[PDB]
*Asks:* 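Have a look at this one before I ask anything.
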Amino acid sequence: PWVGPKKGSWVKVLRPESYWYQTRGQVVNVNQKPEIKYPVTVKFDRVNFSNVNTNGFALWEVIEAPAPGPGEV
Amino acid sequence: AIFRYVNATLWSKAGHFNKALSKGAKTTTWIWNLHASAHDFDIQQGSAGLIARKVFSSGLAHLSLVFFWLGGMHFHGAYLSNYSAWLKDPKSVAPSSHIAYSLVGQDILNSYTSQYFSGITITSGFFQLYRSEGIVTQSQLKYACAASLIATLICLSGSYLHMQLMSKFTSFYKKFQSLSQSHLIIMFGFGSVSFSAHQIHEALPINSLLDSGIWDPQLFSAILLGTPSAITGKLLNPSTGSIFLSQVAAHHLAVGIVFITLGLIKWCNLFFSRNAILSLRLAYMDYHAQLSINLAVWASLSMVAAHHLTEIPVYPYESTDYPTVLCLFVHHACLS
Ligand code: CLA
Ligand code: CLA
Ligand code: CLA
Ligand SMILES: CC1=C(/C=C/C(C)=C/C=C/C(C)=C/C=C/C=C(C)/C=C/C=C(C)/C=C/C2=C(C)CCCC2(C)C)C(C)(C)CCC1
């Protein structure tokens with residue numbers, strides 16, 4: 001079964017040190033291997049200071065959220 | 001030669017030249033990098049032929065810009081200046097080809113320069129330059145402006161054309177011997193000889209008449225007539241306080257002859273110590289090497305100009321036009 005969020009669904013990042021903390025991204029993929037500490041892959045339209053668009057998060061660092069509306073990050 | 005590839009489609013891309021700007025506008029650093037690398041043709045997409053194309057065409061476009069600026073100066077002198085009052089009596093009237101509006105009380109900027117003229121006193125020495133050149137009529141200044149504008153258009157057309165005339169096979173810009181010989185013999189030698197001719201044939205009679213006090217149209221439209229045996233520079237025009245323009249014309253003739261002779265001896269290979277400079281010749285065949293060398297040469301020449309324009313007086317009344325001489329020195333020192 002799918003351990004993490006569904007592929008393509010929007011997840012709100014809960015990692016305090018993340019550039020996208022409390023903002024939402026799209027789940028690119030989730031690693032089903034139980035040995036992966038940070039399986040979920042989330043991409044965001046806003047590049048961070050290092051011009052990086054995607055990142056890897058653990059199952060406890062992302063929660064399911066609705067897609068951003070107009071003017072929402 | 002193929003001009004079907006010049007289209008305005010790339011105008012709206014805003015960053016096509018730099019591959020690092022492909023991910024357009026993710027931050028404001030992208031805007032700043034676009035501006036910073038706009039004219040760094042070496043790191044831009046393309047080839048060495050394209051780099052040469054851009055360098056030469058940009059040089060021509062800047063030439064057109066300078067010609068436009070000179071034409072604007074001539075137009076301001078012709079129509080928005082007190083050059084007539086200054087010519088008849090330079091001492092009483094300060095040069096001014098600059099007028100300001102009366103928008104918000106801004107008319108206060110204009111100051112008394114003549115009875116019928118109020119404006120901003122210019123400090124570029126353009127009036128003295130015109131007087132030395134023999135320009136004494138609004139028609140002459142107007143035609144100088146027209147020539148400058150025509151030169152601007154010609155240079156703009158040349159830049160636009162050369163952006164496509166020069167192909168990847170183009171190599172005329174690497175012919176350093178030909179470039180240097182042409183510049184030394186024609187641009188400098190023939191140029192100086194031709195300007196000496198211009199002085200002798202136009203400026204000398206007009207300047208002599210102006211010194212005497214004659215302002216007759218027929219006269220305005222016998223070298224060494226007034227110059228004594230005194231060494232040039234040892235005796236200044238008593239009525240103008242500057243080196244005799246006939247001495248200046250003789251100087252330009254001699255300089256042109258010397259430049260032509262140098263070019264001809266180089267052509268004949270009379271210069272022998274090629275090996276002492278061969279290392280530099282091989283090393284410095286680069287855009288940035290040539291740019292650095294030329295910038296240093298022109299900096300030194302600008303400093304020498306700053307010193308000489310004041311210490312050695314050659315323009316009429318520029319010696320007594322204290323703001324003009326000071327501003328010229330300071331400007332050319334800063335450019336140096
Ligand atoms: C013949 C003259 C010449 C030529 C052909 C070049 C060519 C080049 N220079 Mg430049 N350079 C020149 C003169 C020249 N330079 C001079 C005189 C200096 C000394 C200051 C420099 C110093 C210099 C540096 C330090 C660098 C270059 C670089 C470059 C490259 C492009 C830079 C660019 O895109 O700028 C685009 C930016 C602009 C056009 C804007 C510049 C605006 C400045 C701040 C001046 C503002 C003046 C203005 C009048 C202020 C008052 C107005 C105000 C009141 C409103 C290119 C190879 C860069 C490089 O890496 O090259 C490989 C680079 O880093 N140049
Ligand atoms: C709207 C403003 C304006 C405009 C359009 C012009 C236009 C012109 N002035 Mg200038 N001028 C101005 C304001 C202006 N002036 C002011 C406020 C003064 C003080 C009274 C002058 C005093 C003045 C004199 C005395 C002369 C000119 C001249 C000229 C011509 C020179 C060409 C040129 O600018 O090349 C482009 C040149 C530059 C961009 C120079 C950039 C670098 C400068 C020299 C740095 C110096 C400091 C700077 C002015 C201020 C920095 C601080 C500031 C940001 C707060 C041209 C018609 C000359 C001329 O021949 O006129 C016919 C001339 O002799 N002007
Ligand atoms: C270090 C000593 C030194 C000194 C004091 C001078 C002094 C002078 N040189 Mg220079 N020069 C030097 C070294 C020096 N040069 C070297 C080592 C070379 C080549 C080996 C040259 C080649 C050279 C040329 C070809 C010309 C000068 C000219 C000039 C005059 C000033 C610039 C000028 O008028 O620009 C006007 C000329 C230009 C703006 C043209 C610039 C040259 C082109 C565009 C550069 C092309 C670069 C190349 C294609 C890059 C390819 C790279 C790739 C293959 C990797 C002045 C007499 C000019 C002159 O009138 O001489 C009498 C001139 O035409 N010099
Ligand atoms: C702008 C300015 C300036 C100035 C400049 C100048 C002024 C320069 C010079 C210029 C010049 C003044 C140039 C000259 C030129 C000339 C020439 C280039 C000539 C040539 C000749 C020829 C080409 C010849 C021809 C012929 C004939 C006549 C016919 C037959 C025979 C024969 C072929 C020989 C400066 C730098 C300060 C910078 C700033 C501003």
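Remember, it's 1-based here, ligands and their atoms both numbered in the order they're listed. Convention: sequence-line order gives letters A, B, ...; per-chain numbering from 1. What you see below is based on every heavy atom in this structure, not just the backbone, and it leaves out hydrogens, waters and symmetry mates.
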*Asks:* At a 4.0 Å threshold, what atoms of ligand 2 neighbour a non-hydrogen atom of B/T123?
*Replies:*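 The atoms of ligand 2 under 4.0 Å from a heavy atom of B/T123 are 25 (C), 63 (C), 64 (O).
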*Asks:* Between B/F56 and B/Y173, does the ring centre distance come in under 6.0 Å?
*Replies:*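 Distance test on ring centres: not under 6.0 Å, no.
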*Asks:* Can you list every protein residue that has a heavy atom under 4.0 Å from any atom of ligand 1, sorted by chain and residue number?
*Replies:*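 Only B/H35, B/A36, B/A38, B/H39, B/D40, B/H288, B/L291 have heavy atoms that fall under 4.0 Å of ligand 1, ordered by chain and number.
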*Asks:* Given 3.5 Å as the limit, does a donor-acceptor pair link the side chain of B/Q140 with the main chain of B/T137, or not?
*Replies:*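 Yes, because the side chain of B/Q140 sits within donor-acceptor range (under 3.5 Å) of the backbone of B/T137.
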*Asks:* Search all heavy atoms of B/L70 against all heavy atoms of B/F126 and return the closest pair with its distance.
*Replies:*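 Heavy atoms only, the tightest pair is CD1-CE2, 3.7 Å.
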*Asks:* Of the non-hydrogen atoms in B/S37 and B/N18, which two are nearest, and what is the gap between them?
*Replies:*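 What the structure gives for the nearest pair is OG-ND2, 3.3 Å.
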*Asks:* Taking non-hydrogen atoms only, is B/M73 closer than 4.0 angstrom to ligand 2 via side chain, backbone, both or neither?
*Replies:*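 Just the side chain.
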*Asks:* Check whether B/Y315 reaches the backbone of B/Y130 with its side chain - one donor and one acceptor, N or O, closer than 3.5 Å.
*Replies:*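 No; judged by distance alone, with no hydrogens or angles, the pair does not exist.
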*Asks:* Under 3.5 Å between any N/O of B/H76 and any N/O of ligand 2: does that happen in this structure?
*Replies:*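 Not met; the criterion fails.
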*Asks:* With a cut-off of 4.0 Å, which atoms of ligand 2 are near a heavy atom of B/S97?
*Replies:*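 Checking each atom against B/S97, I get 62 (C).
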*Asks:* Does the distance from a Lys or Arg side-chain N to an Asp or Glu carboxylate O, for B/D211 and B/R131, drop under 4.0 Å?
*Replies:*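 Between B/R131 and B/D211 there is a salt bridge, with a charged N closer than 4.0 Å to a carboxylate O.
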*Asks:* For the residue pair A/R15 and A/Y38, would you count it as a cation-pi contact if the rule is NZ or CZ under 6.0 angstrom from the ring centre and within 45 degrees of the ring axis?
*Replies:*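 Geometry flag: set, cation within 6.0 Å and 45°.
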*Asks:* Looking at every non-hydrogen atom in both residues, tell me the closest pair between B/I120 and B/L109 and how far apart they are.
*Replies:*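 So the two residues come closest at CG1-O, 4.2 Å.
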*Asks:* Distance from A/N53 atom CG to A/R46 atom CZ, nearest 0.5 Å?
*Replies:*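 The distance works out to 10.0 Å.
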*Asks:* Could you tell me which non-hydrogen atom of B/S192 sits nearest to which non-hydrogen atom of B/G256, and how far apart they are?
*Replies:*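 The answer is OG-N, 3.2 Å.
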*Asks:* Provide the closest heavy-atom pair for B/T121 versus B/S111 in the form atom of the first, atom of the second, distance.
*Replies:*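 Where B/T121 meets B/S111 most closely, the heavy atoms are OG1-OG, 4.3 Å.
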*Asks:* Can you find a non-hydrogen atom of B/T121 under 4.0 Å from ligand 2?
*Replies:*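 B/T121: in contact with ligand 2 (<4.0 Å).
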*Asks:* Using a 4.0 Å heavy-atom cut-off, say whether B/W69 meets ligand 2 through its side chain, its backbone, both or neither.
*Replies:*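 It is the side chain that touches ligand 2; the backbone stays farther off.
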*Asks:* Give the protein residues with at least one non-hydrogen atom closer than 4.0 Å to an atom of ligand 4, ordered by chain and number.
*Replies:*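 Answer by chain and number: B/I186, B/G191.
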*Asks:* Output yes when a side-chain donor or acceptor of B/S212 lies under 3.5 Å from a complementary backbone atom of B/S208, and no otherwise.
*Replies:*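 A pair under 3.5 Å: yes.
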